[PDB]
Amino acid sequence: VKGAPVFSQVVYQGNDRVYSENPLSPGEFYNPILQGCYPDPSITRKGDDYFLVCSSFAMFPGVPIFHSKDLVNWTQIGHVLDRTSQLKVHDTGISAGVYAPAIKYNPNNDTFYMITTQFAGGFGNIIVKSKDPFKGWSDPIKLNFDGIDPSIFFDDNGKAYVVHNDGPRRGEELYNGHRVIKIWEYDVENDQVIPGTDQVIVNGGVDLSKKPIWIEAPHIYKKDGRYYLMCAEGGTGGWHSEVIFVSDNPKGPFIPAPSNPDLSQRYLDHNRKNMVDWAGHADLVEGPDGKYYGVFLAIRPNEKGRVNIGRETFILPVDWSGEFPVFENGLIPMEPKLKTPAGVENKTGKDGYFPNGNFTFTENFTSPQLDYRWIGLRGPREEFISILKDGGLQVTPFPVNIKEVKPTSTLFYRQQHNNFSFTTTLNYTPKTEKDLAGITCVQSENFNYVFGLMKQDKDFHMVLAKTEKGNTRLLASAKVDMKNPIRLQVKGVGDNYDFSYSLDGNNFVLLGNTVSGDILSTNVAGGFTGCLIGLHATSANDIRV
């Protein structure tokens, strides 16, 4: 469009207290390894090469994927589901779309598999394939089973199995949250589960008499000739944990380990410092030092006990010298720092490696190949961005309001710290009341703040509006003299969010008062994701001053 808004730069600054208080020594790295909304981690290995994937729901693209040689220094190589033929979330609810993924390398045929559930596009349970994740992946192959959290296991004899969560057979459900682990034989030439090979291997969980919730996230491992089934149990919230079973046969019977769970923060004191909660949904791999490691998700709530940055990806070393794997210190409070594997230096945030700790990301929009952390919601960023020849992000304003279950012209960045600032310079002259551009903080189309520049009657106004249950209310408004680009900032200090603007570039004026991050939490908004910070443009603005 002519006169479309131009965001000339962005600065995202993280300022979390835990990192300032626990500076790294050489040979240490911070946990979580993926800060912000990177849930349901799954990991696999080919030779020296590790690949890590996470769920993504309605975000576009889907299933972010990271590569590492050492489990500390990760390079985001893209997204597994990065084409509209693989990811059909145009109209998808904020809590539907792409659920937990599992990634597995099959050494028998030298093929990588990513198996997941996509509640969109008619996909359901799907698998995509690649010989080389750096080349991308196939279109999805639909798989003939229901439920969530599929995982694929390749036995030494080349035989293949898919385990997944499912419900109990119709009418046998004993309580709310009563779930089942089901296994199939998988035909590797057909890419399909084999009819008549399904079998329930876990009913309920470790101890059915305690009514375990949502036994899920199954993975099968083979070690010392035996078969291990590791699962999440308790649901991905306050009761999250990881449990383990063992069998002599891929299809059971599986017996729970006497010590269970093997990973959890759910029993720990609710007032601890540097709190890590909801820990579970793990996946094991052999590390570069011969040691095992497990990735898993957890949250780091703020001072009001809520999560605003979603479920994040953690890692812990694993001792598997005996019958059952032990998450090292996986049942006591998580520490901020871990020792790097033997002989690896921490290079996070350098040389294209994903950052960690308290970093400052300065985005000047000087290349068409935008950082992979810039995403869309429901639709691809390439539909509304242009990188100007001399730098700067021009956003085509879609006639789509932030409240619509439709792709908006908003370039989003996951909130990755409980204390952060996100500042942008906006060059923009709105022409009528329907035009707005600025910053948005989004849990969903129904739960968000919009902080932006609009024009009404003769004047330009900065507006701050709050959407709750899909109902937008204007919180505060200010007439501004738009004589030059305006800078806009959102600053979060735990649950305290401040929206401020600067016409002189130095002094940021608070618009209204500090507002609560409550609608930016999973606890209030519901769902499966974190706060997304967005460079928003619309030609369907409904705010009036």
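Residue numbers here begin at 1 and follow the sequence given.
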Practice task
With reference to the PDB entry, specify whether the mean Cα temperature factor is higher for 337 to 345 or for 141 to 149.
Solution key: 337 to 345
Completion exercise
Ranked by mean Cα B-factor in the entry, 191 to 199 and 410 to 418, top stretch is 191 to 199
Exercise for the section: Please pick out which of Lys466, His79, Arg373, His178 has the largest Cα B-factor as recorded in the entry. Expected result: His178
Fill in the blank from the handout: One of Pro397, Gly310, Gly290, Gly280 has the largest Cα B-factor in the entry, namely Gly290
Problem - Lowest, middle or highest third - CA B-factor, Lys131 - result: middle
Exercise for the section: Ordered by C-alpha B-factor within the chain, which third holds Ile244? Give me lowest, middle or highest, please. Expected result: middle
Completion exercise
Chain thirds by Cα B factor, record data; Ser42 belongs to the lowest
Problem - Entry-reported Cα temperature factor of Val206, expressed as the chain third it lands in - result: highest
Completion exercise
The third of the chain into which the C-alpha temperature factor of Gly379 falls is the lowest
